[PDB]
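*Asks:*
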Ligand code: BCL
Ligand code: BCL
Ligand code: BCL
Ligand SMILES: CC[C@H]1c2cc3[nH]c4c(c3C)C(=O)[C@H](C(=O)OC)c4c3nc(cc4[nH]c(cc(n2)[C@@H]1C)c(C(C)=O)c4C)[C@@H](C)[C@@H]3CCC(=O)OC/C=C(\C)CCC[C@@H](C)CCC[C@@H](C)CCCC(C)C
Ligand SMILES: CC[C@H]1c2cc3[nH]c4c(c3C)C(=O)[C@H](C(=O)OC)c4c3nc(cc4[nH]c(cc(n2)[C@@H]1C)c(C(C)=O)c4C)[C@@H](C)[C@@H]3CCC(=O)OC/C=C(\C)CCC[C@@H](C)CCC[C@@H](C)CCCC(C)C
Ligand SMILES: COC(C)(C)C(=O)C/C=C(\C)CC/C=C(\C)CC/C=C(\C)CCCC/C(C)=C/CC[C@@H](C)CC/C=C(\C)CCC=C(C)C
Ligand SMILES: CCCCCCCCCCCC[N+](C)(C)[O-]
Ligand SMILES: CCCCCCCCCCCC[N+](C)(C)[O-]
Ligand SMILES: CCCCCCCCCCCC[N+](C)(C)[O-]
Ligand SMILES: CCCCCCCCCCCC[N+](C)(C)[O-]
Ligand SMILES: CCCCCCCCCCCC[N+](C)(C)[O-]
Ligand SMILES: CCCCCCCCCCCC[N+](C)(C)[O-]
Ligand SMILES: [Fe+3]
Ligand code: NA
Ligand code: NA
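Chains as they are written, first to last, in my numbering: chain A, 5 to 285; chain B, 7 to 246; chain C, 53 to 354.
1. By the DSSP assignment, the beta strand (DSSP E) with residue 178 of chain B in it spans what residues?
2. Measuring CA to CA, which of B:20, B:18, B:94 is closest to residue 42 of chain B?
3. Please name the residues in the region 182-201 of chain A whose beta-carbon is closer than 9 Å to at least one beta-carbon of chain C, in chain order.
4. Residue 221 of chain A touches chain C at which residues, Cβ-Cβ below 7 Å?
5. Give, in chain order, every residue of the region 141-168 of chain A whose Cβ lies closer than 7 Å to some Cβ of chain E.
6. Is there a C-beta anywhere in chain C that falls below 7 Å from the one on residue 89 of chain B?
7. Can you find a CB in chain C that lies within less than 7 Å of the CB of residue 248 of chain A?
8. Between residue 211 of chain B and residue 108 of chain B, is the Cβ-Cβ spacing less than 7 Å?
9. Check the Cβ of residue 281 of chain A against every Cβ in chain C and list those closer than 8 Å, keeping chain order.
10. Of all the CB atoms in chain B, is at least one closer than 7 Å to the CB of residue 78 of chain A?
11. Does any CB atom of chain B fall closer than 7 Å to the CB of residue 21 of chain A?
12. Please report the residue range of the alpha helix (DSSP H) in which residue 39 of chain A lies.
13. Would you mind giving the Cβ-Cβ distance between residue 284 of chain C and residue 290 of chain C, rounded to the nearest angstrom? I have them listed as a contact below 8 Å.
14. In chain order, which continuous runs of the alpha helix (DSSP H) of length 4 or greater are located wholly inside the region 74-133 of chain A?
15. Expressed to the nearest angstrom, what Euclidean distance is found between the alpha-carbon atoms of residue 173 of chain C and residue 117 of chain C?
16. When you check each C-beta in the region 96-126 of chain A against every C-beta of chain B, which residues fall closer than 8 Å?
17. Does DSSP classify residue 64 of chain B as helix, strand or coil?
18. I'd like to confirm something about residue 64 of chain B: is its beta-carbon nearer than 6 Å to some heavy atom of ligand 2, or not?
19. At 4 residues or longer, what runs of the alpha helix (DSSP H) sit wholly inside the region 248-285 of chain C?
20. Do residue 59 of chain C and residue 111 of chain A have their C-beta atoms within less than 7 Å of each other?
21. What in chain A is Cβ-close to residue 212 of chain B, meaning under 8 Å?
22. Can you tell me whether residue 232 of chain B is buried or exposed, with buried defined as 16 or more other CB within 10 angstroms of its CB?
23. Nearest by alpha-carbon distance to residue 12 of chain B: which of C:278, C:336, C:168, C:53 is it?
24. With distances taken Cα to Cα, identify the nearest neighbour of residue 76 of chain A among A:148, A:239, A:242.
25. Please state whether the Cβ-Cβ distance between residue 271 of chain C and residue 199 of chain A is less than 7 Å.
26. For residue 12 of chain A, go through chain B and note every residue whose CB falls closer than 7 Å to its CB, in chain order.
27. Following the continuous beta strand (DSSP E) through residue 148 of chain B, name the residue where it begins and the one where it ends.
28. Around the C-beta of residue 85 of chain B, are 16 or more other C-beta atoms found within 10 angstroms, so that it is buried, or is it exposed?
29. Tell me the residue span of the alpha helix (DSSP H) that contains residue 10 of chain B.
30. Please decide whether residue 284 of chain C counts as near chain B, where near means a Cβ-Cβ distance under 7 Å.
31. With a CB to CB cut of under 6 Å and the five nearest residues on each side skipped, what residues in its chain are close to residue 185 of chain B?
32. I want to know whether the region 220-234 of chain A touches the region 136-145 of chain A - three or more CB-CB distances under 8 Å.
33. Can you check whether the CB of residue 189 of chain C is closer than 7 Å to the CB of residue 120 of chain A?
34. Do residue 117 of chain A and residue 277 of chain C count as a contact pair if the criterion is CB distance below 7 Å?
35. Cβ of residue 329 of chain C versus every heavy atom of ligand 5: is any distance shorter than 6 Å?
36. Can you tell me the Cα-Cα spacing of residue 284 of chain A and residue 275 of chain A, whole angstroms?
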């Protein structure tokens, strides 16, 4: 049940709600008020979903799907089998996620560390809330949200994007993608660097953080440093998701035409609009 | 059909990769223990990996992992309950005893070395050519604890040579001795450094170092330990 | 407000560090560059030195030939007019030879001969840069992780520009050099192969790409949360576990029931990332060579 060094850490304290009531573990898992909150919301949502599996007559992971109320129902309630289930499940999902985050904070308090982790998680949670909650509300209907099933939520990505042409042209989706890729490049480099220093050529002695700075310098003539690259990873990642959410919250709401056509603002500028030649003259 | 092969092949490669990866991550803290220190019955589905041996540089030796795991220190804690999985109450003063969020590991009692074999961390005074290049220079500022009292004054910055970054502030107490405070744990303001983790009276219990121009891995852990522990353990000494 | 360690509160500079020497040839390092207070709020303030070497100068020369080859064509397209060149920047494009010229080098200079020239220089530039990542690890006695990782990126790219074009019998399958036009090729490729969302490699690609974002965020945030105990000094935490590596492991063990080690996490990391382009290059390579339609294949094979 405990890691060799764990026991000195398992002290009382740090809870946000409940005093000592749920201050304990189950195997490896810390509980807490919010370990309980996330269980209730999580198990409810699973039930509510397996219920939805019955009312559409499949018991199959690749087919089970739960749709928002149709566009017609507005931003108001809906019969369970025709979009109500989804609404309560979403309420559950939010409950589970936010609870998971506040539980994470409680673990932070006990362990004496910074709140950086749940802070980062809340970006991902805010992306999700952008798809199922903030965009729908600004757009007038639950039906605009994505549906919970494995292949059917992809269908929604395709339909939502092709509504605007090739979605590539959303310029906040461009920034977004740039951060995802950049992040991946940074995750490979960090990983590979730390390992090439800890696991040197056969028989040599393990290298040092100065070797790590040296390797980079030699290669591209800069090194961000070991604090730097962990600041970087975290920034690239949070920025990917920030831009992800931004590209979607502006889509169908301030811009709803074909994304490629937004790029005409640049071309139709007074000082070069009408010069001949190139592609647009 | 080639693609169906490619993809079946790949789910196998990946299950193997996950095995490799999870075993590699058992070179520390395993085998699992009961709350009493003995081997636990349930070790999970993954076996300990074949040990490996890192050659430490500058003749500091080697490290082999996994290997015989032990705390190498009394742990001042006691059970609060009669079965598995409850919190363990501190037997004395948890700050002083080094438990909870005030824990330290018993790391080596040498300081870390740069690639040249010199100390990595050094007070600025002794660091050839190093000076504050930006931001408010703290050296000179009174230091305020979470109780809003002046604990001491800053008297130098301990810096990291190979990576040119501040690591501690060295601070001077009422009595004329000094302490390290981790950079990451103070706020430098226009007219003071502020320390949220510690009430002013807790400053004297900051673990001291032995040489006054170098600090050891073991001493960093105690200092960082102690100071982090203040978040939880000072907190009845501040309506902050 | 307590302090977060995203940006430094005080920078310190001392003498420029020239690096470690091991088996490097020092005749090839530049000398330091300037010092950037700006960078220094976030990372290190020191620019350079860099190592040139014969390979590095080869590489750097080609990558400029590749970039100038595409640029002169962009001026051509703009009719040498600086205002057009600007206005139309994302629209210009250097297209590969039409299907009819096959895998041959005959194609007129203006209808793709130029595309190959640019591609040739690109090849030269990437591979030699790859030799570089290896050699500079060797000079230092370090592992070859960076060169092997970079090979996985090189895979996807070789597949797009060279391998798949060669297996389909024509250079016209390859990707064009242009901002908007390469975006169009991408969409087009999907439509024409029955939609990549049906490619099971494509989906793994996503799991990983998304995976990288989740992971690096976990890690980055973990390291910053424990940097009040020296957490970023990962190599010394590997050699001699501190309360930083402990608090970190335990955050995750308590949250989600298992954890990593300070060395292990870097292995999770190097793999999460390289599998993005690994599975991707495979997904792409199968497309049009073995599978014409992912929807279709998706129907018999599941
Ligand atoms: C044909 C489709 C269109 C298109 C249309 C769209 C549409 C439509 C959307 C995107 C979105 C995205 N697209 Mg696009 N996209 C296209 C082409 C691309 C290409 C490419 C190479 O061509 C790329 C790289 C991308 C990349 C991207 C990203 C910017 C973004 C996806 C990441 C994200 O938002 O995460 C954010 C993360 C989350 C939402 C996950 C949150 C996780 C939660 C908090 C917790 C989960 C708990 C869970 C239940 C598990 C429980 C426990 C389990 C046991 C584990 N698109 C094409 C042209 N794209 C999406 C976006 O930006 O969304 C905001 C979006 O809606
Ligand atoms: C982000 C922008 C789009 C989107 C676009 C895509 C695209 C495009 C693709 C996926 C794919 C996936 N998406 Mg999706 N997806 C969206 C939002 C979500 C949300 C959510 C907000 O709650 C979830 C839980 C998922 C989950 C998933 C997985 C089923 C799959 C691989 C994910 C992955 O590796 O992520 C990174 C996370 C990790 C590596 C952590 C592990 C997470 C595990 C694997 C999640 C399992 C969830 C499980 C299937 C749902 C069970 C719920 C339980 C009842 C509680 N997507 C939005 C609408 N998603 C890929 C796929 O192949 O689908 C078939 C794919 O190509
Ligand atoms: C509408 C368009 C299609 C689509 C069509 C494609 C196509 C086509 C491809 C992808 C690919 C991918 N798609 Mg898709 N994709 C769609 C929708 C999505 C969505 C979504 C809807 O949310 C997502 C999240 C993704 C995600 C992804 C990526 C995971 C994957 C490529 C990874 C990568 O990083 O390559 C980027 C990395 C590289 C290209 C390698 C770069 C390395 C080289 C060596 C660097 C050279 C640098 C050069 C010298 C310049 C240097 C200058 C510097 C300034 C110094 N796609 C839809 C369905 N997608 C790729 C893939 O693998 O598919 C299986 C791919 O080919
Ligand atoms: C902001 C940067 C990235 C990020 C960060 C991030 N994610 C995080 C964290 C952080 C910092 C955590 O600390 C937390 C964690 O514990 O990590 C293991 C987490 C997490 N991110 C996860 C997943 C996840 N993150 C994603 C993305 C991202 N997370 C961003 C890329 C994605 C993507 C890309 O799609 C996924 C799938 C989980 C591993 C974990 C959160 C686990 C959690 O919150 O548990 C509580 C809830 C449950 C156990 C289940 C309850 C579910 C019910 C309410 C019903 C089901 C809901 C329904 C919406 C299902 C939809 C399925 C279909 C879409 C297929
Ligand atoms: C494994 C997956 C991820 C990955 C990994 C990866 N990439 C890598 C590596 C690794 C492990 C390296 O080691 C290597 C590297 O050296 O990193 C610093 C690299 C690299 N990945 C790079 C790019 C890159 N990686 C990408 C992606 C990815 N790489 C994946 C996400 C992408 C994408 C998403 O498209 C790009 C564009 C390079 C930084 C570098 C390989 C460098 C190379 O091959 O260089 C040859 C070229 C030259 C020497 C010169 C060309 C320069 C010209 C553009 C001149 C500039 C003109 C000037 C006047 C100013 C103008 C500036 C700009 C506005 C253009
Ligand atoms: C400001 O003006 C000046 C003149 C100074 C400029 O220089 C400006 C320059 C520009 C504006 C140019 C801008 C360049 C771009 C926008 C480039 C766009 C390119 C991409 C977005 C890349 C997309 C994908 C590229 C790929 C996948 C390439 C793969 C190529 C390789 C695999 C090479 C394969 C090799 C071949 C086909 C030839 C090899 C032949 C042999 C015989 C070996
Ligand atoms: C909620 C937990 C379940 C999530 C499982 C997601 C990963 C599934 C692995 C797919 C295996 C692939 N294949 C074809 C061999 O079956
Ligand atoms: C998607 C990548 C995440 C894969 C998760 C791997 C599960 C590992 C569980 C190991 C449990 C170890 N334990 C606690 C029994 O010792
Ligand atoms: C003794 C040799 C003199 C070399 C002159 C200094 C060159 C500056 C190096 C620039 C650094 C490269 N950078 C940052 C652009 O990538
Ligand atoms: C990798 C490049 C990142 C560039 C970083 C530039 C950020 C500067 C912000 C500094 C914080 C503000 N300040 C100094 C007033 O505290
Ligand atoms: C090396 C880290 C392992 C993390 C694994 C993530 C697995 C996600 C499974 C997604 C399923 C995609 N698809 C379409 C191929 O089935
Ligand atoms: C008692 C040990 C706890 C082990 C925790 C293992 C968590 C794995 C959760 C299963 C879901 C993983 N995945 C990728 C298939 O989604
Ligand atoms: Fe790291
Ligand atoms: Na000095
Ligand atoms: Na040379």
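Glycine residues also receive a C-beta, built at the ideal position from the N, C-alpha and C atoms.
*Replies:* In short:
1. As a position in the second chain, residue 178 of chain B is number 172, starting the count at 1. Note, residue 178 of chain B: beta strand (DSSP E), 171-179.
2. Counted from its first residue, the second chain places residue 42 of chain B at position 36. Residue 42 of chain B has its Cα closest to that of B:94, out of B:20, B:18, B:94.
3. Residues of the region 182-201 of chain A with a Cβ closer than 9 Å to any Cβ of chain C, in chain order: 183, 184, 185, 187, 188, 189, 190, 191, 192, 193, 194, 195, 196, 197, 198, 199, 200, 201.
4. Translated into the one-based positions of the first chain, residue 221 of chain A becomes position 217. Ordered by position in chain C, the residues that pass the 7 Å Cβ test against residue 221 of chain A are 71, 100, 101, 102.
5. The structure shown contains no chain E; its protein chains are A, B and C.
6. For the purposes of this step, residue 89 of chain B is identified with residue 83 of the second chain, where counting begins at 1. Not closer than 7 Å to any Cβ of chain C, the Cβ of residue 89 of chain B fails to qualify, so no.
7. The residue given as residue 248 of chain A occupies position 244 in the first chain. Chain C has no Cβ within less than 7 Å of the Cβ of residue 248 of chain A.
8. Indexing the second chain from 1 puts residue 211 of chain B at position 205. Indexing the second chain from 1 puts residue 108 of chain B at position 102. Contact annotation: residue 211 of chain B and residue 108 of chain B have beta-carbon atoms that are not nearer than 7 Å.
9. On the first chain, position 277 is the one that residue 281 of chain A refers to. Neighbourhood of residue 281 of chain A in chain C, by CB distance below 8 Å: 130, 131, 133, 136, in chain order.
10. Locating residue 78 of chain A in the first chain gives position 74, counting from the first residue. Using a CB distance cut-off of 7 Å, residue 78 of chain A does not count as an interface residue toward chain B.
11. The residue given as residue 21 of chain A occupies position 17 in the first chain. For residue 21 of chain A, no CB of chain B lies under 7 Å from its own CB, so it is not counted at the interface with that chain.
12. If you number the first chain from 1, residue 39 of chain A lands on position 35. DSSP places residue 39 of chain A inside the alpha helix (DSSP H), whose first and last residues are 37-58.
13. Residue mapping note: residue 284 of chain C aligns to position 232 of the third chain, counting from 1. Residue mapping note: residue 290 of chain C aligns to position 238 of the third chain, counting from 1. With 8 Å as the limit, residue 284 of chain C and residue 290 of chain C do not qualify as a contact, their Cβ atoms being about 12 Å apart.
14. Listed in chain order, the alpha helix (DSSP H) elements of length 4 or more contained wholly in the region 74-133 of chain A are 88-115, 120-133.
15. Taking the first residue of the third chain as position 1, residue 173 of chain C is located at position 121. Taking the first residue of the third chain as position 1, residue 117 of chain C is located at position 65. Using only the alpha carbons, I get a separation of about 6 Å.
16. Of all residues in the region 96-126 of chain A, 113, 114, 115, 116, 117 have a Cβ within less than 8 Å of some Cβ in chain B.
17. On the second chain, residue 64 of chain B is found 58 positions in, with the first residue counted as 1. Residue 64 of chain B: coil per DSSP, three-state reduction.
18. What you label residue 64 of chain B is simply residue 58 of the second chain in a count that begins at 1. False, no ligand heavy atom lies under 6 Å from that Cβ.
19. If we require 4 residues or more, the alpha helix (DSSP H) runs fully inside the region 248-285 of chain C come out as 252-277.
20. Position 7 of the third chain, counted from the first residue, corresponds to residue 59 of chain C. Position 107 of the first chain, counted from the first residue, corresponds to residue 111 of chain A. No. Outside cutoff.
21. Along the second chain, read from residue 1 onward, the residue named residue 212 of chain B stands at position 206. Near residue 212 of chain B there are no residues of chain A at all, since even the closest Cβ is about 15 Å away, more than 8 Å.
22. Within the second chain, the letter at position 226 stands for residue 232 of chain B. Around the CB of residue 232 of chain B, 16 or more other CB atoms lie within 10 Å, so the residue is classed as buried.
23. Looking up residue 12 of chain B in the second chain gives position 6. Between residue 12 of chain B and the set C:278, C:336, C:168, C:53, the nearest pair of CA atoms involves C:336.
24. The residue labelled residue 76 of chain A in the question sits at position 72 within the first chain. A:148 is the residue among A:148, A:239, A:242 whose C-alpha sits nearest the C-alpha of residue 76 of chain A.
25. Taking the third chain and counting its residues from 1, the one referred to as residue 271 of chain C is at position 219. Taking the first chain and counting its residues from 1, the one referred to as residue 199 of chain A is at position 195. With contacts defined as CB atoms closer than 7 Å, residue 271 of chain C and residue 199 of chain A fail to qualify as a contacting pair.
26. On the first chain, position 8 is the one that residue 12 of chain A refers to. Ordered by position in chain B, the residues that pass the 7 Å Cβ test against residue 12 of chain A are 81, 83, 105, 109.
27. As a working mapping, residue 148 of chain B is identified with position 142 in the second chain. Counting along the chain, residue 148 of chain B sits inside the beta strand (DSSP E) bounded by residues 148-151.
28. Translated into positions along the second chain, residue 85 of chain B becomes position 79. Exposed.
29. If you number the second chain from 1, residue 10 of chain B lands on position 4. It spans 8-30 - the alpha helix (DSSP H) in which residue 10 of chain B sits, taken as one unbroken run.
30. Here residue 284 of chain C is taken as the residue at index 232 of the third chain, counted from 1. The beta-carbon of residue 284 of chain C is placed no less than 7 Å from the nearest beta-carbon of chain B.
31. In the second chain, the residue the question calls residue 185 of chain B occupies position 179. Annotation for residue 185 of chain B: 177, 212 place their beta carbon closer than 6 Å to its own, counting only its chain and skipping 5 residues before and after.
32. They do not touch, by the three-pair rule.
33. Position 116 of the first chain, counting from 1, holds the residue named residue 120 of chain A. Position 137 of the third chain, counting from 1, holds the residue named residue 189 of chain C. Not in contact: residue 120 of chain A and residue 189 of chain C (Cβ atoms no closer than 7 Å).
34. What you label residue 277 of chain C is simply residue 225 of the third chain in a count that begins at 1. What you label residue 117 of chain A is simply residue 113 of the first chain in a count that begins at 1. Contact flag set, yes.
35. As a working note, residue 329 of chain C is residue 277 in the third chain. With a cutoff of 6 Å, residue 329 of chain C counts as near ligand 5, since its C-beta is closer than that to a heavy atom of the ligand.
36. The residue you call residue 284 of chain A lines up with position 280 of the first chain. The residue you call residue 275 of chain A lines up with position 271 of the first chain. So the alpha carbons of these two residues sit roughly 14 Å apart.
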